[PDB]
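Chemist: Experimental coordinates follow, after the sequence.
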Amino acid sequence: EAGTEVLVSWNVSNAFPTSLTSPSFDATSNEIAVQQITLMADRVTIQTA
Amino acid sequence: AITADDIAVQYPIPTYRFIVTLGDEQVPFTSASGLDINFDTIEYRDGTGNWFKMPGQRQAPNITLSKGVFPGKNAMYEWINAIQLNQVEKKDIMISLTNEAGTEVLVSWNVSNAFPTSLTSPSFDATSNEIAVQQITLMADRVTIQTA
Amino acid sequence: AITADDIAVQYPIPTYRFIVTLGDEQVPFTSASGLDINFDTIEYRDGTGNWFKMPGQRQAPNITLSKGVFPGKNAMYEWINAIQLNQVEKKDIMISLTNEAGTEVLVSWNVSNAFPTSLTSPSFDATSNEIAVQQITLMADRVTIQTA
Amino acid sequence: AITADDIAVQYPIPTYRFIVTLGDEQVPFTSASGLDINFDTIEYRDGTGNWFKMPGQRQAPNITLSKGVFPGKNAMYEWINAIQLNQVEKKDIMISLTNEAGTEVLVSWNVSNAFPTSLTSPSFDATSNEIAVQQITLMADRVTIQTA
Amino acid sequence: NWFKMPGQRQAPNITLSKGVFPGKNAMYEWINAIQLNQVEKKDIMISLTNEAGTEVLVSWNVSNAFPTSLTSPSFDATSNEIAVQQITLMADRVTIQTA
Amino acid sequence: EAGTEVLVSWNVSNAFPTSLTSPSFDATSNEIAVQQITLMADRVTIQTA
Amino acid sequence: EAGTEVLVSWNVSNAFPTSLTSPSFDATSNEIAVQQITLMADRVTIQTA
Amino acid sequence: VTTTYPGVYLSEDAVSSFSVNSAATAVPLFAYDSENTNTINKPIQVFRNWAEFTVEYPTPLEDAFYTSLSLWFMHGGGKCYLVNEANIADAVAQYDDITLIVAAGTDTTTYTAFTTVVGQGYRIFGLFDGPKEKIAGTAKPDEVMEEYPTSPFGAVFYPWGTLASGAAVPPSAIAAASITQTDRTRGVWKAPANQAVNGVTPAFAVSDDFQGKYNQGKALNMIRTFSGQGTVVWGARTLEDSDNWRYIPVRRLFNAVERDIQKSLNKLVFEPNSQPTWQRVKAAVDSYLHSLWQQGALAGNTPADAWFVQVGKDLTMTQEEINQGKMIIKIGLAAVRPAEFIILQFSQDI
Amino acid sequence: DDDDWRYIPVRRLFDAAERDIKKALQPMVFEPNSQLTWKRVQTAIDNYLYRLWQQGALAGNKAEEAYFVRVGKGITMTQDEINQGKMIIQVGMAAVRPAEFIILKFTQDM
Amino acid sequence: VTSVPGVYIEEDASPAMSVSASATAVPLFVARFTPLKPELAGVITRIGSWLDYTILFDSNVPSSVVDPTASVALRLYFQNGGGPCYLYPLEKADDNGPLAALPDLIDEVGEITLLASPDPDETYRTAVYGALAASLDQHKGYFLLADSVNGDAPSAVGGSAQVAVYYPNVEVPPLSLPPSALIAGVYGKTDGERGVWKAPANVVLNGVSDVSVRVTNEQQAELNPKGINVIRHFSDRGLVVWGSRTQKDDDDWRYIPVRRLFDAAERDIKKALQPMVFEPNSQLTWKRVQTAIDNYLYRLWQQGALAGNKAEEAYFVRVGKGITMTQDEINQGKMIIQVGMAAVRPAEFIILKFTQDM
């Protein structure tokens, strides 16, 4: 909760962006402008400590 | 104790305030979507085990703008009616996240060479309570983001 | 000793003495409620713990007024009958808490562009000693409080 | 013999004597409620029978205050009118149960970053002997109880 | 455990009554001068007094009194009574000084 | 009435707080400030003795 | 309920993992991190006792 | 404009307007110099608002009386008096309403007439001025404060103003405009210090180590600017550093009590000097001091520790004094002192 | 050549706002000259100046920096002026000036 | 000279410089700045951007073997993270008049945090560091950025916790500058991006190319158990500031980010409690002051500044009449508050310990 302990982490080796979607603007909405990026990687490992 | 001058620096920006400069004029719109930056992916594998992952060439954005039907002249109609077999006045679009009064641009999205590919008229229905909303789609070549 | 000129400065104001300025005319009403100022809420949470709470965009007020039925001409029917699919005379509503003489404003609630959306008939009952009360509800865009 | 200095130690505290510190000023209010501390619930069941019950993340408090309408300047309208799409002066709320003199805190409920989301007008009625009461609702992030 | 405590003290309702005299009605011009919340609030002192009137024994002080009612006498042709007005007052505290 | 012996008891195994309400402050009320806590547990047991 | 009787069981002969999906992290959610593994096998039999 | 036809008129002349938001416990006297050339030759004149002041002075001047009043009326401000320095001892004794004597860029003649009306006992509070030149810092602070009285009815308020039209506001008027906004919202028993006066900036910048030499003794009472509470007055002490009559709050608190009790007891003068009248006097004071105690002005969480009033036939006066027509009360009441020093003690131990 | 009235759009904004306020207050002529009428006139100007600010006419960011309307008896009038049958209103606005000079300042050092 | 309402073209402009916003790193560069209009000759002026410097001060100043370096040192300040940047033009060193009046002019301006005098002369800085040494131990929150000459402290500021020395002179395309104008830049960059509790000691210096002395490990091993804070050169990265110690050898105030966290928290609590001055000194005010400090220290803990796990292990605020005061102290008009915090220390040594047995 405080940020002073890592419980379980996921490692990603070589990530690079393939897309970046801008938010959909709408005058009748109550939302945050949220960008959404997708990444291409090669492996995902899990270290547990 | 957040002292709202710090809100203009540290808090995220909502979506409901935006101006659309369409060419050399500002046109009021209701929605604006599809301002993405998409790439393709080129891959290469050999027998030793090497995988090579690369970004490809970025493809074209497809941008959707929609506004209501007003009693004057239809400015989105005379720009899609003036097509001669490949010829179109291509315009540059700017969509700017704006201050409440309109006197500050926060983050804007630039669109380089947009031209209309479709213009959908509203669906008329006698049992509905809605505004006649046209919905235009645009074909462009790049989307850039300037932040000021 | 409280010296009643000090009551006119530092005691609160009751709700039984009010003048309703309806456009450019004064119309006597019995009740008046719903002159609220309401906002929406934007929220944003990230994984680190920062919650961002923000006011959204304010929505429309719904003001309801009620007055009795008099033998002359019905001014509230003549303003809800003049609807032609969009076209209504918008009016400025002013509801001012007044002194007992009726000549000076203590505090006022102003309403910008109101138009009628409903008008209820009185409830006819043969076993009731009541006054025929119509109740009109209005819809506007802004509520302003001037104090003087 | 109960010797009233012992009443100030071991008898409970009533709810009619309270000071509301609103930012850096004291504003007299009539009512104050909604200063809750609420959590969510995480649950997890497996096939062997282990139920795992956990507190979730705490959600935002919604504090409602109400005071009367006075002939001077409306300080609660001046704080809900200064909304520009994100920008509000957040304030620290302190609601302290006080002694009868008003000079020392028995127990206090603190509220971290509150901003107004609503402000209701009084209900105007020509047949009522009541005081014009505005009711403001606030939204914050944390409720703290200091006892001294 | 039962805990019993004094609450907050409520307002006193004070009844004064006097006769109707041929001059001007001083209790009438103080209840007629009301403008929707405005009233000249007065402080009342009721003193237990010596026979001659030259000593105050025990007095009762009333802080901010204003009239809420003024009842005219009931006229009756078969009665032998004085026209007595009866005024009620709303105050905020009552204190007792003893001298 | 003395407080020294149980007639019947309701036991609750693993309780933790999920809410805590403030008292309702009102200037025209002669009441006591009452907090109300709600708990969540897994088992309720009734022992009678 | 106690775990001291098997009613009907399903047997799986040669299972090996083909996927392991990490949970979707979301700051506005109240859920448990749940992994989801898929297995490839060759037969499934049912013994009833 | 000249009104002829009943329509709606349009004009674009340069006008100004300020609304009165006055307090009853602040009715000042603005003293101007006798050697002044651009005043009306009336020695005493009465100005109720900003509209009446611009009739007699229709053009914006630069002199010290104009910038004092223009800074007065733009913070509320009620009726106020322009009296020349040779007549301020008379105007206090005649007009019965004055609570403040504001030396608007005036010295050594207001000072000798300040000490006249104090020894006569007119319940006023003086607002003097610091030097217009910069105090160096090697100044020997007893030599700077030697022209001022030692009475508990005054304060000095050193740093001069540099008002946004370029003109120089006397620093008594900066203090007099923070008294108005304090007495209305917080009361006379609260210090005029952290109230932000607007439209004026100090001519000089004052550090903490400069004010530390002057906070004792005769109390210069700095006017400083802060990011946040912008350009407040900083200091609340009087010219007498005693345990009783330090702190401008507790002096102006008793002057408000002493004037409002004698305004209530002037309607009981020429009553018969008897024991029913003495009971009616001491209950007119207990009713005043109870309403003053319950609005936070007095220091005590019981009426026994907050005030006492007593009068008797052998308590406060004797029979030889009854026969002279004298009615002797004696009243004692406790005031609230402000928090002047906040000491933070940091450590790296938990 | 004044700094105030140098430009055409600043001048014709004030001429058009004074013309539309004048057409709005002429129903409020020959009303009783009381404090109830002065607030009805103040709101009719305040509603007009608000809908100029929210369509971009006035140079403000708060709507208290764009305009103000003032009317009263201690403010903007005297009692001798009510008795001769007039009300005096102080209205102020803040307009935005156009950009007529663009300087480019090229270089090739980076 | 613009009169036609069209568009004008110039062709030999210089590129403009960006400025950042920060509230914890506002320096006072005491160097040989040459004004244009001579009224700002002995006073302190605020320079909000590089454009404000070119209008108020002469930014060219053609050389004559001496070379003006005060305008070059500010361009490297705004390239490394700008700020409001107060300046005090002080022409020659030995004028003990304006140097005696210097600490009284700093207190008149509210917001100076860093000092950092950027001048290449050695005896010029010693006159400045000696004039400012008496103002560092007066709890005012200043922080001096001194510069070593040959590998030691300049001895006007020996072992105070308010001083950070930085040894190697840094060369610009070649004139050699003292590094304090650049390190004052990277404090504002680090505090804006990471906070004052982060050690400002992995920032790559923009602008400059190479230091004057390439410092080895073995001479840094005799320098880093003093506060010397060597600017090192790494081949893959460039010029990296490398070291975050102060002059104080105590276990409490050894590091820069622990010291400047307490200086910034005391500065922001002080700005929050000044509305609560001349309030009635009662128990209602003491709780209003305790909550205003407790709200500040909570939002430092939840953004990672304080080293705690419970928020009762990070801080505490105490005020009362039996606690922290006596009745004789209320009567003389003061309140006494005890505030404590717990900061986290950086990892400056990494030992790898390789092997090939398994």
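Modeler: Ah, there it is. Numbers count the residues shown, from 1 in each chain, chains lettered A, B, ... in the order given.
Chemist: So which residues of chain I form helices?
Modeler: I:8-25, I:35-53, I:79-83 (DSSP state H).
Chemist: who wins for proximity to residue J:36 among those?
Modeler: When these are compared by Cβ to Cβ, helix I:8-25 sits nearest residue J:36, at 33.9 Å. C-beta coordinates here come from the backbone N, C-alpha and C atoms, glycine included.
Chemist: when you scan the closest one, is anything in it near chain C?
Modeler: No. Taking Cβ under 8 Å from any Cβ of the partner chain as the criterion, helix I:8-25 and chain C are apart, separated by no less than 9.8 Å.
Chemist: In that helix, which residues are buried?
Modeler: I:10, I:13, I:14, I:17, I:18, I:21, I:24, I:25 (16 or more other Cβ atoms under 10 Å in any protein chain shown).
Chemist: Roughly how far does the first one sit from residue I:97?
Modeler: In this structure, residue I:10 and residue I:97 are 7 Å apart, going by Cβ to Cβ, to the nearest Å.
Chemist: same check, this time on residue H:238
Modeler: Residue H:238 is 52 Å from residue I:97, by Cβ to Cβ.
Chemist: Now do the contacts for the residue of chain I found nearest chain J.
Modeler: Residue nearest to chain J within chain I: residue I:105 (3.9 Å; Cβ to the nearest Cβ). Residue I:105 sits next to J:10, J:13 when contact means Cβ atoms under 8 Å, 6 or more residues apart in numbering or on different chains.
Chemist: before we move on, the earlier item: including distance to chain H, could the helices of chain I go into TSV?
Modeler: Shown next, in TSV, are those (distance: least, Cβ to the nearest Cβ, whole Å):
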stretch	distance to chain H
helix I:8-25	5
helix I:35-53	10
helix I:79-83	10
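Chemist: Out of these, which is closest to residue B:6?
Modeler: Among the helices of chain I, if distance is taken as Cβ to Cβ, the winner is helix I:35-53, at 25.3 Å.
Chemist: Quick one: residues in contact with that closest one.
Modeler: Outside helix I:35-53, the residues that reach it (Cβ under 8 Å, 6+ apart) are B:101, C:19, C:21, C:92, C:94, C:96, C:98, C:102-105, C:108, C:110, C:112, C:142, C:144, C:146, C:148, I:17, I:20-21, I:24-25, I:28, I:31, I:58, I:60, I:63, I:66-67, I:69-73, I:87, I:89, I:91, I:93.
Chemist: Would you pull up how far stretch H:262-270 lies from the middle of the chain?
Modeler: Mean-position distance between stretch H:262-270 and its chain equals 25 Å (Cα atoms, centre = their mean, to the nearest Å).
Chemist: for stretch I:24-44, same thing?
Modeler: With Cα atoms, centre = their mean as the basis, stretch I:24-44 stands 17 Å off its chain's centre.
Chemist: Same question for that stretch: list its buried residues.
Modeler: I:24-25, I:34-44.
Chemist: got those residues as JSON lines, with distance to residue H:57 columns?
Modeler: Formatted as JSON lines, these follow (distance: Cβ to Cβ, whole Å):
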{"residue": "I:24", "distance to residue H:57": "36"}
{"residue": "I:25", "distance to residue H:57": "32"}
{"residue": "I:34", "distance to residue H:57": "31"}
{"residue": "I:35", "distance to residue H:57": "28"}
{"residue": "I:36", "distance to residue H:57": "33"}
{"residue": "I:37", "distance to residue H:57": "31"}
{"residue": "I:38", "distance to residue H:57": "27"}
{"residue": "I:39", "distance to residue H:57": "31"}
{"residue": "I:40", "distance to residue H:57": "34"}
{"residue": "I:41", "distance to residue H:57": "30"}
{"residue": "I:42", "distance to residue H:57": "28"}
{"residue": "I:43", "distance to residue H:57": "34"}
{"residue": "I:44", "distance to residue H:57": "34"}
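Chemist: Can you tell me which of those residues lies closest to residue H:20?
Modeler: residue I:35 (15.3 Å).
Chemist: Spell out the secondary structure type for residue A:46.
Modeler: Three-state assignment for residue A:46 (DSSP: H, G, I helix; E, B strand; the rest coil): strand.
Chemist: Apart from its chain neighbours, what residue comes closest to it?
Modeler: Distance criterion Cβ to Cβ, 6 or more residues apart in numbering or on different chains; nearest residue to residue A:46, sequence neighbours excluded, is residue A:10 at 5.7 Å.
Chemist: what's the answer for residue H:279, then?
Modeler: The nearest residue in space to residue H:279 (Cβ to Cβ, 6+ apart) is residue E:56, at 4.6 Å.
Chemist: and the one you found, what are its bridge partners?
Modeler: Residues in a beta bridge with residue E:56, per DSSP bridges, are residue E:49.
Chemist: isn't it right next to residue E:46, touching?
Modeler: No. Counting by Cβ atoms under 8 Å, no contact exists between residue E:56 and residue E:46, whose distance comes to 10.4 Å.
Chemist: who's more crowded, these two?
Modeler: With neighbours defined as other Cβ atoms under 10 Å in any protein chain shown, residue E:56 and residue E:46 compare such that residue E:56 has more, 22 against 13.
Chemist: Please report the distance of the more buried one from chain B.
Modeler: Distance, residue E:56 to chain B, using Cβ to the nearest Cβ, to the nearest Å: 57 Å.
Chemist: Ok, residue H:258 next?
Modeler: Residue H:258 is 41 Å from chain B, where distance means Cβ to the nearest Cβ.
Chemist: Could you confirm that residue falls within a helix?
Modeler: Yes. Per three-state DSSP, residue H:258 lies within a helix segment.
Chemist: nearest spatial neighbour of it, skipping sequence neighbours?
Modeler: residue H:123 (5.5 Å).
Chemist: Name the SS class of the one you found, please.
Modeler: Following three-state DSSP, the label given to residue H:123 is coil.
Chemist: got the phi/psi numbers for it?
Modeler: In terms of degrees, to the nearest 10, the main-chain angles of residue H:123 are phi 60, psi 40.
Chemist: Next one: the residue in chain I that chain C sits nearest to from residue I:85, what distance?
Modeler: Here chain I gets closest to chain C at one residue, residue I:35, 3.9 Å apart by Cβ to the nearest Cβ. Separation of residue I:35 from residue I:85 (Cβ to Cβ): 15 Å.
Chemist: distance of the closest residue to chain F within chain A from residue E:96?
Modeler: Nearest residue of chain A to chain F: residue A:1, at 15.4 Å (Cβ to the nearest Cβ). Distance of residue A:1 to residue E:96, computed by Cβ to Cβ: 61 Å.
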